[PDB]
There are 2 protein chains.
Amino acid sequence: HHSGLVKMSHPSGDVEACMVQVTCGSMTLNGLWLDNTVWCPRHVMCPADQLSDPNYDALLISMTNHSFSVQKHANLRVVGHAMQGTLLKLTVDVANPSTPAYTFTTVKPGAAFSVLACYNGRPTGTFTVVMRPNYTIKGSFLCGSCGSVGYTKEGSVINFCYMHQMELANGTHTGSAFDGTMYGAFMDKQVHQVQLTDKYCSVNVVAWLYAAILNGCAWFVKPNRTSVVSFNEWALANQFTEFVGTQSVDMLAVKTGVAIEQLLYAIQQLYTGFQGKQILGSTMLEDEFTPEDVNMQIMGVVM
Amino acid sequence: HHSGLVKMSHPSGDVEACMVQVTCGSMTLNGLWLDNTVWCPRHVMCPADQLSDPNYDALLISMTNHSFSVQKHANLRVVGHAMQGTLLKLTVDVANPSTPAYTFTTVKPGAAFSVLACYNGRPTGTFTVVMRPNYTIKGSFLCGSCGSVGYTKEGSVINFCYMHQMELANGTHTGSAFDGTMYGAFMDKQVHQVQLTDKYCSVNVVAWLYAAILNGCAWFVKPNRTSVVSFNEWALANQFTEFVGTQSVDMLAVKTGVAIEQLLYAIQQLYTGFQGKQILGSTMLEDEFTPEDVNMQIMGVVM
Ligand SMILES: *[C@@H](O)[C@H](C[C@@H]1CC=NC1=O)NC(=O)[C@H](CC(C)C)NC(=O)OC[C@H]1C[C@@H]1CC1CCCCC1
Ligand SMILES: *[C@@H](O)[C@H](C[C@@H]1CC=NC1=O)NC(=O)[C@H](CC(C)C)NC(=O)OC[C@H]1C[C@@H]1CC1CCCCC1
């Protein structure tokens, strides 16, 4: 049996119209064009002979307006350049006539968002990730993908949340929000950086366990219950996030008649072992599906 | 460690511009607008009091040109209507000025393609599936999603391959190619239909095992080998597809220096059990990644 759950990305058309190629002469990557502004990673200024110990303050001052070349696949003339954290804020003489209604917002661990992977300013693929507890993502990026963006949708509004920056030693990825900061303690310098331990997203595992009940799978549901407090205390010594309920999870407890605490108890049992059984055709806990994904794809309820 | 493999969909912008709402007065679903043609499922003609034993020949003849209402979110006037298998071929007075360069092609088991799930003609999400051996897909569709399309991309050309039709008893899905036929032995009637047994896609499991080597995981690679012939004979009594090599798999054997047959041997071993070990963080064989996905996402090689 199939759960009816796939990794669902938002449609990318609105964002595709906002991608440009930006280059300083050394590195080439992608930028986000909205109104008279183009956002892109700041290591576009870096020479390849300094990606490990660059001084962006000094590189920026060495830049003038015509040090930046912005192209769409037209040519946009840069009339103003500024640095905000790990991003550049270039100003162009032409506003993107296809600019969507948009906002900038930070994504939190567990939540999902859609990524548009681009190269040379040309969109090449879209996928969806969940922000990991250690503020990385398990994406699919190669060289020249920096500036590829990540976004959630609320109605006709694009909430931009992620501009790709770099890959870590373990194959995962991370980038900056559009306020300038990197997620987690990372720095956009090509050196060894300590990575924090990842954790199972407790809320997303509950959403998954609910998704299994909505498909007729509920062998794990025992009448026993574990309080959120007792679960969170347990979660800290077991590499689980701490659980925080929502209306989206509450709606999933109403439809199934299964209490959140019954499933918290279930997660404690399953963590020690599935006892050879399968859940949605899996023998390990899944935490890459949000309550919203389950509500949307299975119950048809967007909120 | 992370494999750098995600379920990568093509960007959907070109297809979004080709989606319309079509209705006959009873059911509402989605249609594909290309040039002066709009394709949509034929059960849009069905009254809800006959989805189980409809006569489409009789329903079609009961239809005239103004029985069909096509909308984009303009209004397209229908000037010609015809039925091809399980699809309708409506002709409208206006050609889609955003028509991409496109072809119609049938997808084969194991291969992947990108789906644009739409509702009321409004694109709502995109994902990617692999055509299962039993000619179903493990998608995410609800009511009103019929007409949602599935497509592969070769350069700047959209190869359309799937128009969604229905869901089966087990939660999986299937639809028609744009020649009119349904994939597999299915019929677009809302009755019980025998479903064939699914199988592991041998080629996609090899691609996955290669993907694991490209990430430093190769505990399963033993010098032992199994010939394709011996593997295919084994596959028929074990619910595996029969393996057929390609330049894309050959390229993956060249990069890793691991022979295809070594991995065929490995699949026979792993099928009996992983012995408690993990492959790319999994304890079951993965067959939802194609050799092309691995070549593209990990080696950066599109072909
Ligand atoms: C975009 O230009 C690119 C994206 C990378 C390249 C391949 N996959 C990706 O996700 N970003 C970078 O190259 C940045 C540039 C710096 C100025 C920030 N750096 C990297 O991502 O470099 C690759 C990182 C992983 C290797 C360094 C490694 C880390 C552990 C310690 C040993 C060295
Ligand atoms: C699009 O209109 C819709 C898509 C379905 C609805 C929910 N998820 C989907 O993928 N398609 C249909 O409703 C078609 C219409 C017929 C005229 C072909 N039929 C269905 O998909 O009906 C749902 C199927 C599964 C239930 C019937 C079930 C099958 C096993 C035997 C008992 C009855």
# chains A, B, ... in the order shown; residues from 1 in each chain; ligands from 1
call {"tool": "residues_around", "arguments": {"residues": "residue 297 of chain A", "least_positions_apart": "5", "cutoff": "7 Å", "atoms": "only C-alpha atoms", "output": "PyMOL selection string"}}
result
(chain A and resi 4-5) or (chain B and resi 140)
call {"tool": "write_last_selection", "arguments": {"atoms": "C-alpha atoms", "output": "short mmCIF file (atom, residue, chain, number, x, y, z; two decimals), in the first residue's frame"}}
result
data_model
loop_
_atom_site.label_atom_id
_atom_site.label_comp_id
_atom_site.auth_asym_id
_atom_site.auth_seq_id
_atom_site.Cartn_x
_atom_site.Cartn_y
_atom_site.Cartn_z
CA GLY A 4 0.05 9.10 -1.01
CA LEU A 5 3.01 11.09 0.35
CA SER B 140 0.09 12.23 -4.46
#
call {"tool": "residues_around", "arguments": {"residues": "residue 294 of chain A", "least_positions_apart": "3", "cutoff": "9 Å", "atoms": "only C-alpha atoms", "output": "list in words"}}
result
residues 5, 207, 208, 210, 211, 252, 289, 290, 291, 297, 298, 299, 300 and 301 of chain A
call {"tool": "residues_around", "arguments": {"residues": "residue 202 of chain A", "least_positions_apart": "2", "cutoff": "9 Å", "atoms": "only C-alpha atoms", "output": "ChimeraX atom specification"}}
result
/A:110,199-200,204-207,235,240-244,264,267,287
call {"tool": "residues_near_ligand", "arguments": {"ligand": "ligand 2", "cutoff": "6 Å", "atoms": "only C-alpha atoms and all ligand atoms", "output": "count of residues only"}}
result
19
call {"tool": "residues_around", "arguments": {"residues": "segment 127-135 of chain A", "least_positions_apart": "3", "cutoff": "6 Å", "atoms": "only C-alpha atoms", "output": "PyMOL selection string"}}
result
(chain A and resi 9+109-115+183-184+196+198-199) or (chain B and resi 8)
call {"tool": "write_last_selection", "arguments": {"atoms": "C-alpha atoms", "output": "PDB file, in the first residue's frame"}}
result
ATOM      1  CA  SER A   9       7.630  21.140  -4.033  1.00  0.00           C
ATOM      2  CA  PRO A 109      14.296  23.404  12.023  1.00  0.00           C
ATOM      3  CA  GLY A 110      11.796  20.756  10.953  1.00  0.00           C
ATOM      4  CA  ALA A 111       9.921  23.018   8.560  1.00  0.00           C
ATOM      5  CA  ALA A 112      10.085  22.357   4.832  1.00  0.00           C
ATOM      6  CA  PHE A 113      10.641  24.636   1.869  1.00  0.00           C
ATOM      7  CA  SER A 114      11.137  24.375  -1.880  1.00  0.00           C
ATOM      8  CA  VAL A 115      14.520  24.917  -3.533  1.00  0.00           C
ATOM      9  CA  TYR A 183      21.730  29.310   9.371  1.00  0.00           C
ATOM     10  CA  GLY A 184      23.429  27.686  12.317  1.00  0.00           C
ATOM     11  CA  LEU A 196      26.664  20.047  15.287  1.00  0.00           C
ATOM     12  CA  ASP A 198      21.663  16.356  13.833  1.00  0.00           C
ATOM     13  CA  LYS A 199      18.514  15.066  15.514  1.00  0.00           C
TER      14      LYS A 199
ATOM     15  CA  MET B   8      14.834  16.158  -8.417  1.00  0.00           C
TER      16      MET B   8
END
call {"tool": "interface_residues", "arguments": {"of": "chain B", "to": "chain A", "cutoff": "7 Å", "atoms": "only C-alpha atoms", "output": "list in words"}}
result
residues 1, 2, 3, 4, 5, 6, 7, 8, 9, 10, 11, 12, 13, 123, 124, 125, 126, 127, 138, 139, 140, 170, 171, 172 and 297 of chain B
call {"tool": "atom_distance", "arguments": {"atom1": "atom CA of residue 278 of chain B", "atom2": "atom CA of residue 197 of chain A"}}
result
18.8 Å
call {"tool": "select_by_dssp", "arguments": {"residues": "segment 96-228 of chain A", "states": "strand (DSSP E)", "output": "JSON, numbers by chain"}}
result
{"A": [101, 102, 103, 104, 112, 113, 114, 115, 116, 117, 118, 119, 122, 123, 124, 125, 126, 127, 128, 129, 130, 149, 150, 151, 152, 153, 154, 157, 158, 159, 160, 161, 162, 163, 164, 165, 166, 167, 173, 174, 175, 176]}
call {"tool": "select_by_dssp", "arguments": {"residues": "segment 160-290 of chain B", "states": "helix (DSSP H, G or I)", "output": "PDB file with N, CA, C and O atoms, in the first residue's frame"}}
result
ATOM      1  N   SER B 202      15.632  -3.434 -11.189  1.00  0.00           N
ATOM      2  CA  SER B 202      17.021  -3.855 -11.025  1.00  0.00           C
ATOM      3  C   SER B 202      17.993  -2.743 -11.405  1.00  0.00           C
ATOM      4  O   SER B 202      18.973  -2.492 -10.693  1.00  0.00           O
ATOM      5  N   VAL B 203      17.743  -2.065 -12.527  1.00  0.00           N
ATOM      6  CA  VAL B 203      18.681  -1.046 -12.992  1.00  0.00           C
ATOM      7  C   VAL B 203      18.764   0.105 -11.995  1.00  0.00           C
ATOM      8  O   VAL B 203      19.850   0.639 -11.736  1.00  0.00           O
ATOM      9  N   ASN B 204      17.629   0.505 -11.418  1.00  0.00           N
ATOM     10  CA  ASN B 204      17.632   1.623 -10.482  1.00  0.00           C
ATOM     11  C   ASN B 204      18.254   1.254  -9.144  1.00  0.00           C
ATOM     12  O   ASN B 204      18.719   2.145  -8.424  1.00  0.00           O
ATOM     13  N   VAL B 205      18.263  -0.030  -8.789  1.00  0.00           N
ATOM     14  CA  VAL B 205      18.948  -0.451  -7.572  1.00  0.00           C
ATOM     15  C   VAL B 205      20.454  -0.436  -7.791  1.00  0.00           C
ATOM     16  O   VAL B 205      21.223  -0.104  -6.881  1.00  0.00           O
ATOM     17  N   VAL B 206      20.899  -0.790  -8.998  1.00  0.00           N
ATOM     18  CA  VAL B 206      22.321  -0.714  -9.316  1.00  0.00           C
ATOM     19  C   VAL B 206      22.787   0.737  -9.294  1.00  0.00           C
ATOM     20  O   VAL B 206      23.834   1.062  -8.724  1.00  0.00           O
ATOM     21  N   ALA B 207      22.014   1.629  -9.916  1.00  0.00           N
ATOM     22  CA  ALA B 207      22.325   3.052  -9.853  1.00  0.00           C
ATOM     23  C   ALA B 207      22.477   3.511  -8.411  1.00  0.00           C
ATOM     24  O   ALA B 207      23.381   4.290  -8.085  1.00  0.00           O
ATOM     25  N   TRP B 208      21.602   3.030  -7.530  1.00  0.00           N
ATOM     26  CA  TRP B 208      21.676   3.405  -6.124  1.00  0.00           C
ATOM     27  C   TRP B 208      22.933   2.840  -5.475  1.00  0.00           C
ATOM     28  O   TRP B 208      23.657   3.558  -4.773  1.00  0.00           O
ATOM     29  N   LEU B 209      23.217   1.556  -5.710  1.00  0.00           N
ATOM     30  CA  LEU B 209      24.420   0.959  -5.142  1.00  0.00           C
ATOM     31  C   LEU B 209      25.671   1.677  -5.634  1.00  0.00           C
ATOM     32  O   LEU B 209      26.637   1.845  -4.880  1.00  0.00           O
ATOM     33  N   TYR B 210      25.675   2.107  -6.899  1.00  0.00           N
ATOM     34  CA  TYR B 210      26.772   2.936  -7.387  1.00  0.00           C
ATOM     35  C   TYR B 210      26.806   4.276  -6.662  1.00  0.00           C
ATOM     36  O   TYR B 210      27.880   4.762  -6.286  1.00  0.00           O
ATOM     37  N   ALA B 211      25.637   4.890  -6.458  1.00  0.00           N
ATOM     38  CA  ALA B 211      25.589   6.154  -5.733  1.00  0.00           C
ATOM     39  C   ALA B 211      26.218   6.025  -4.351  1.00  0.00           C
ATOM     40  O   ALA B 211      26.843   6.973  -3.861  1.00  0.00           O
ATOM     41  N   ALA B 212      26.083   4.860  -3.717  1.00  0.00           N
ATOM     42  CA  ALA B 212      26.665   4.664  -2.394  1.00  0.00           C
ATOM     43  C   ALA B 212      28.187   4.602  -2.459  1.00  0.00           C
ATOM     44  O   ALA B 212      28.873   5.110  -1.564  1.00  0.00           O
ATOM     45  N   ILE B 213      28.735   3.982  -3.508  1.00  0.00           N
ATOM     46  CA  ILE B 213      30.185   3.924  -3.663  1.00  0.00           C
ATOM     47  C   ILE B 213      30.747   5.322  -3.876  1.00  0.00           C
ATOM     48  O   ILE B 213      31.798   5.679  -3.330  1.00  0.00           O
ATOM     49  N   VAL B 228      24.744 -11.031 -16.006  1.00  0.00           N
ATOM     50  CA  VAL B 228      23.407 -10.504 -16.262  1.00  0.00           C
ATOM     51  C   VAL B 228      22.434 -11.648 -16.512  1.00  0.00           C
ATOM     52  O   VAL B 228      21.319 -11.668 -15.977  1.00  0.00           O
ATOM     53  N   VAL B 229      22.845 -12.619 -17.329  1.00  0.00           N
ATOM     54  CA  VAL B 229      21.989 -13.768 -17.610  1.00  0.00           C
ATOM     55  C   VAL B 229      21.581 -14.451 -16.312  1.00  0.00           C
ATOM     56  O   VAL B 229      20.393 -14.678 -16.053  1.00  0.00           O
ATOM     57  N   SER B 230      22.563 -14.797 -15.478  1.00  0.00           N
ATOM     58  CA  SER B 230      22.250 -15.463 -14.220  1.00  0.00           C
ATOM     59  C   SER B 230      21.416 -14.568 -13.312  1.00  0.00           C
ATOM     60  O   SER B 230      20.549 -15.061 -12.582  1.00  0.00           O
ATOM     61  N   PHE B 231      21.646 -13.255 -13.352  1.00  0.00           N
ATOM     62  CA  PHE B 231      20.844 -12.350 -12.538  1.00  0.00           C
ATOM     63  C   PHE B 231      19.404 -12.301 -13.032  1.00  0.00           C
ATOM     64  O   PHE B 231      18.461 -12.370 -12.235  1.00  0.00           O
ATOM     65  N   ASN B 232      19.215 -12.177 -14.349  1.00  0.00           N
ATOM     66  CA  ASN B 232      17.865 -12.103 -14.898  1.00  0.00           C
ATOM     67  C   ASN B 232      17.081 -13.376 -14.606  1.00  0.00           C
ATOM     68  O   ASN B 232      15.900 -13.319 -14.246  1.00  0.00           O
ATOM     69  N   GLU B 233      17.719 -14.536 -14.767  1.00  0.00           N
ATOM     70  CA  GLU B 233      17.077 -15.788 -14.384  1.00  0.00           C
ATOM     71  C   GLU B 233      16.690 -15.771 -12.911  1.00  0.00           C
ATOM     72  O   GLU B 233      15.591 -16.202 -12.540  1.00  0.00           O
ATOM     73  N   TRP B 234      17.582 -15.268 -12.056  1.00  0.00           N
ATOM     74  CA  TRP B 234      17.271 -15.130 -10.637  1.00  0.00           C
ATOM     75  C   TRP B 234      16.161 -14.111 -10.412  1.00  0.00           C
ATOM     76  O   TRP B 234      15.311 -14.292  -9.531  1.00  0.00           O
ATOM     77  N   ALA B 235      16.140 -13.038 -11.208  1.00  0.00           N
ATOM     78  CA  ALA B 235      15.184 -11.960 -10.980  1.00  0.00           C
ATOM     79  C   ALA B 235      13.748 -12.416 -11.202  1.00  0.00           C
ATOM     80  O   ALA B 235      12.826 -11.886 -10.572  1.00  0.00           O
ATOM     81  N   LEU B 236      13.537 -13.396 -12.080  1.00  0.00           N
ATOM     82  CA  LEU B 236      12.176 -13.782 -12.437  1.00  0.00           C
ATOM     83  C   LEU B 236      11.488 -14.548 -11.315  1.00  0.00           C
ATOM     84  O   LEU B 236      10.260 -14.490 -11.193  1.00  0.00           O
ATOM     85  N   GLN B 247      24.554   3.210 -21.456  1.00  0.00           N
ATOM     86  CA  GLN B 247      25.715   4.086 -21.355  1.00  0.00           C
ATOM     87  C   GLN B 247      25.726   4.829 -20.028  1.00  0.00           C
ATOM     88  O   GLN B 247      26.799   5.118 -19.486  1.00  0.00           O
ATOM     89  N   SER B 248      24.549   5.131 -19.477  1.00  0.00           N
ATOM     90  CA  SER B 248      24.503   5.825 -18.195  1.00  0.00           C
ATOM     91  C   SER B 248      24.997   4.931 -17.067  1.00  0.00           C
ATOM     92  O   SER B 248      25.672   5.405 -16.148  1.00  0.00           O
ATOM     93  N   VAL B 249      24.670   3.639 -17.110  1.00  0.00           N
ATOM     94  CA  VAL B 249      25.213   2.723 -16.115  1.00  0.00           C
ATOM     95  C   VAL B 249      26.686   2.462 -16.389  1.00  0.00           C
ATOM     96  O   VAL B 249      27.504   2.396 -15.464  1.00  0.00           O
ATOM     97  N   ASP B 250      27.049   2.311 -17.664  1.00  0.00           N
ATOM     98  CA  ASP B 250      28.449   2.107 -18.012  1.00  0.00           C
ATOM     99  C   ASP B 250      29.315   3.250 -17.501  1.00  0.00           C
ATOM    100  O   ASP B 250      30.398   3.020 -16.949  1.00  0.00           O
ATOM    101  N   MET B 251      28.856   4.492 -17.671  1.00  0.00           N
ATOM    102  CA  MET B 251      29.593   5.626 -17.126  1.00  0.00           C
ATOM    103  C   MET B 251      29.758   5.511 -15.617  1.00  0.00           C
ATOM    104  O   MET B 251      30.780   5.941 -15.070  1.00  0.00           O
ATOM    105  N   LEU B 252      28.770   4.937 -14.926  1.00  0.00           N
ATOM    106  CA  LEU B 252      28.878   4.781 -13.481  1.00  0.00           C
ATOM    107  C   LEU B 252      29.815   3.643 -13.099  1.00  0.00           C
ATOM    108  O   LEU B 252      30.405   3.672 -12.014  1.00  0.00           O
ATOM    109  N   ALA B 253      29.961   2.634 -13.960  1.00  0.00           N
ATOM    110  CA  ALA B 253      30.944   1.589 -13.704  1.00  0.00           C
ATOM    111  C   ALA B 253      32.361   2.078 -13.981  1.00  0.00           C
ATOM    112  O   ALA B 253      33.318   1.585 -13.372  1.00  0.00           O
ATOM    113  N   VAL B 254      32.512   3.046 -14.887  1.00  0.00           N
ATOM    114  CA  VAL B 254      33.834   3.574 -15.204  1.00  0.00           C
ATOM    115  C   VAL B 254      34.340   4.456 -14.072  1.00  0.00           C
ATOM    116  O   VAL B 254      35.510   4.375 -13.676  1.00  0.00           O
ATOM    117  N   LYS B 255      33.469   5.311 -13.529  1.00  0.00           N
ATOM    118  CA  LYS B 255      33.902   6.247 -12.500  1.00  0.00           C
ATOM    119  C   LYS B 255      34.317   5.520 -11.227  1.00  0.00           C
ATOM    120  O   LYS B 255      35.282   5.919 -10.565  1.00  0.00           O
ATOM    121  N   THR B 256      33.602   4.454 -10.866  1.00  0.00           N
ATOM    122  CA  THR B 256      33.857   3.772  -9.606  1.00  0.00           C
ATOM    123  C   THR B 256      34.815   2.598  -9.738  1.00  0.00           C
ATOM    124  O   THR B 256      35.331   2.124  -8.720  1.00  0.00           O
ATOM    125  N   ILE B 260      29.411  -3.906 -13.095  1.00  0.00           N
ATOM    126  CA  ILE B 260      27.971  -4.082 -12.943  1.00  0.00           C
ATOM    127  C   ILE B 260      27.666  -5.439 -12.325  1.00  0.00           C
ATOM    128  O   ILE B 260      26.752  -5.574 -11.503  1.00  0.00           O
ATOM    129  N   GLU B 261      28.433  -6.464 -12.703  1.00  0.00           N
ATOM    130  CA  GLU B 261      28.139  -7.811 -12.226  1.00  0.00           C
ATOM    131  C   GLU B 261      28.452  -7.953 -10.743  1.00  0.00           C
ATOM    132  O   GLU B 261      27.738  -8.658 -10.020  1.00  0.00           O
ATOM    133  N   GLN B 262      29.514  -7.301 -10.268  1.00  0.00           N
ATOM    134  CA  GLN B 262      29.773  -7.291  -8.834  1.00  0.00           C
ATOM    135  C   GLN B 262      28.549  -6.805  -8.075  1.00  0.00           C
ATOM    136  O   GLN B 262      28.203  -7.347  -7.019  1.00  0.00           O
ATOM    137  N   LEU B 263      27.874  -5.786  -8.607  1.00  0.00           N
ATOM    138  CA  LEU B 263      26.700  -5.242  -7.940  1.00  0.00           C
ATOM    139  C   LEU B 263      25.470  -6.122  -8.126  1.00  0.00           C
ATOM    140  O   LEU B 263      24.628  -6.187  -7.225  1.00  0.00           O
ATOM    141  N   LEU B 264      25.335  -6.788  -9.275  1.00  0.00           N
ATOM    142  CA  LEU B 264      24.282  -7.789  -9.416  1.00  0.00           C
ATOM    143  C   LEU B 264      24.430  -8.867  -8.349  1.00  0.00           C
ATOM    144  O   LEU B 264      23.455  -9.248  -7.691  1.00  0.00           O
ATOM    145  N   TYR B 265      25.652  -9.371  -8.168  1.00  0.00           N
ATOM    146  CA  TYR B 265      25.934 -10.253  -7.043  1.00  0.00           C
ATOM    147  C   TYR B 265      25.544  -9.597  -5.724  1.00  0.00           C
ATOM    148  O   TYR B 265      24.949 -10.239  -4.854  1.00  0.00           O
ATOM    149  N   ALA B 266      25.866  -8.310  -5.563  1.00  0.00           N
ATOM    150  CA  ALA B 266      25.558  -7.619  -4.315  1.00  0.00           C
ATOM    151  C   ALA B 266      24.054  -7.547  -4.069  1.00  0.00           C
ATOM    152  O   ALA B 266      23.600  -7.662  -2.924  1.00  0.00           O
ATOM    153  N   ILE B 267      23.264  -7.349  -5.128  1.00  0.00           N
ATOM    154  CA  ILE B 267      21.813  -7.266  -4.964  1.00  0.00           C
ATOM    155  C   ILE B 267      21.250  -8.601  -4.497  1.00  0.00           C
ATOM    156  O   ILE B 267      20.324  -8.648  -3.677  1.00  0.00           O
ATOM    157  N   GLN B 268      21.783  -9.706  -5.020  1.00  0.00           N
ATOM    158  CA  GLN B 268      21.343 -11.018  -4.561  1.00  0.00           C
ATOM    159  C   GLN B 268      21.626 -11.197  -3.075  1.00  0.00           C
ATOM    160  O   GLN B 268      20.789 -11.728  -2.335  1.00  0.00           O
ATOM    161  N   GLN B 269      22.799 -10.751  -2.617  1.00  0.00           N
ATOM    162  CA  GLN B 269      23.130 -10.851  -1.199  1.00  0.00           C
ATOM    163  C   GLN B 269      22.232  -9.943  -0.363  1.00  0.00           C
ATOM    164  O   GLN B 269      21.613 -10.388   0.610  1.00  0.00           O
ATOM    165  N   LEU B 270      22.148  -8.663  -0.736  1.00  0.00           N
ATOM    166  CA  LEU B 270      21.365  -7.710   0.044  1.00  0.00           C
ATOM    167  C   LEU B 270      19.884  -8.072   0.072  1.00  0.00           C
ATOM    168  O   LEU B 270      19.202  -7.807   1.070  1.00  0.00           O
ATOM    169  N   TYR B 271      19.363  -8.670  -1.002  1.00  0.00           N
ATOM    170  CA  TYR B 271      17.947  -9.018  -1.021  1.00  0.00           C
ATOM    171  C   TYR B 271      17.600  -9.972   0.114  1.00  0.00           C
ATOM    172  O   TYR B 271      16.514  -9.887   0.698  1.00  0.00           O
ATOM    173  N   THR B 272      18.510 -10.893   0.438  1.00  0.00           N
ATOM    174  CA  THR B 272      18.282 -11.799   1.556  1.00  0.00           C
ATOM    175  C   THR B 272      18.429 -11.099   2.900  1.00  0.00           C
ATOM    176  O   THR B 272      17.935 -11.612   3.909  1.00  0.00           O
TER     177      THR B 272
END
call {"tool": "closest_residue", "arguments": {"among": "A:98, A:75, A:227, A:176", "to": "ligand 1", "atoms": "only C-alpha atoms and all ligand atoms"}}
result
A:176
call {"tool": "closest_residue", "arguments": {"among": "A:94, A:79, A:88, A:201", "to": "residue 66 of chain A", "atoms": "only C-alpha atoms"}}
result
A:79
call {"tool": "closest_residue", "arguments": {"among": "B:71, B:91, B:105, B:193", "to": "residue 29 of chain B", "atoms": "only C-alpha atoms"}}
result
B:71
call {"tool": "closest_residue", "arguments": {"among": "A:53, A:293, A:93, A:286", "to": "ligand 1", "atoms": "only C-alpha atoms and all ligand atoms"}}
result
A:53
call {"tool": "closest_residue", "arguments": {"among": "B:295, B:275, B:195, B:26", "to": "residue 47 of chain B", "atoms": "only C-alpha atoms"}}
result
B:26
call {"tool": "atom_distance", "arguments": {"atom1": "atom CA of residue 89 of chain B", "atom2": "atom CA of residue 38 of chain B"}}
result
6.0 Å
call {"tool": "atom_distance", "arguments": {"atom1": "atom CA of residue 164 of chain A", "atom2": "atom 7 (C, counted along the ligand's line) of ligand 1"}}
result
10.4 Å
call {"tool": "decode", "arguments": {"residues": "segment 236-248 of chain A", "atoms": "N, CA, C and O atoms", "output": "compact mmCIF listing (two decimals), in the first residue's frame"}}
result
# COMPACT_ATOMS: atom_id res chain seq x y z
N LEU A 236 16.03 14.66 25.07
CA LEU A 236 17.31 15.34 25.21
C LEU A 236 18.47 14.36 25.38
O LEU A 236 19.60 14.67 24.99
N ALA A 237 18.21 13.19 25.94
CA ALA A 237 19.23 12.16 26.10
C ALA A 237 19.23 11.15 24.97
O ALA A 237 19.95 10.14 25.06
N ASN A 238 18.47 11.39 23.90
CA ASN A 238 18.30 10.43 22.82
C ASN A 238 18.43 11.05 21.43
O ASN A 238 18.11 10.38 20.44
N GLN A 239 18.88 12.30 21.33
CA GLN A 239 19.10 12.95 20.05
C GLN A 239 17.79 13.18 19.28
O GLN A 239 17.77 13.11 18.05
N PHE A 240 16.71 13.44 20.01
CA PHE A 240 15.45 13.87 19.43
C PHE A 240 15.23 15.34 19.75
O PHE A 240 15.60 15.82 20.83
N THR A 241 14.62 16.07 18.82
CA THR A 241 14.17 17.41 19.14
C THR A 241 13.10 17.35 20.22
O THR A 241 12.58 16.29 20.56
N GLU A 242 12.77 18.52 20.77
CA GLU A 242 11.68 18.62 21.73
C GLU A 242 10.39 18.96 21.00
O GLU A 242 10.37 19.81 20.11
N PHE A 243 9.32 18.28 21.38
CA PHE A 243 8.07 18.35 20.64
C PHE A 243 7.28 19.60 21.03
O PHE A 243 7.20 19.96 22.20
N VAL A 244 6.70 20.24 20.02
CA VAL A 244 5.83 21.40 20.21
C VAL A 244 4.62 21.21 19.31
O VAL A 244 4.76 21.18 18.08
N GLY A 245 3.44 21.09 19.91
CA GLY A 245 2.24 20.85 19.13
C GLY A 245 1.77 22.08 18.38
O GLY A 245 2.15 23.21 18.67
N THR A 246 0.92 21.84 17.37
CA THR A 246 0.38 22.91 16.55
C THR A 246 -1.06 22.56 16.17
O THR A 246 -1.51 21.42 16.34
N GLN A 247 -1.77 23.56 15.64
CA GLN A 247 -3.10 23.29 15.09
C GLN A 247 -3.03 22.25 13.98
O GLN A 247 -3.97 21.48 13.80
N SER A 248 -1.92 22.21 13.24
CA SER A 248 -1.79 21.22 12.18
C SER A 248 -1.68 19.82 12.75
O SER A 248 -2.23 18.87 12.18
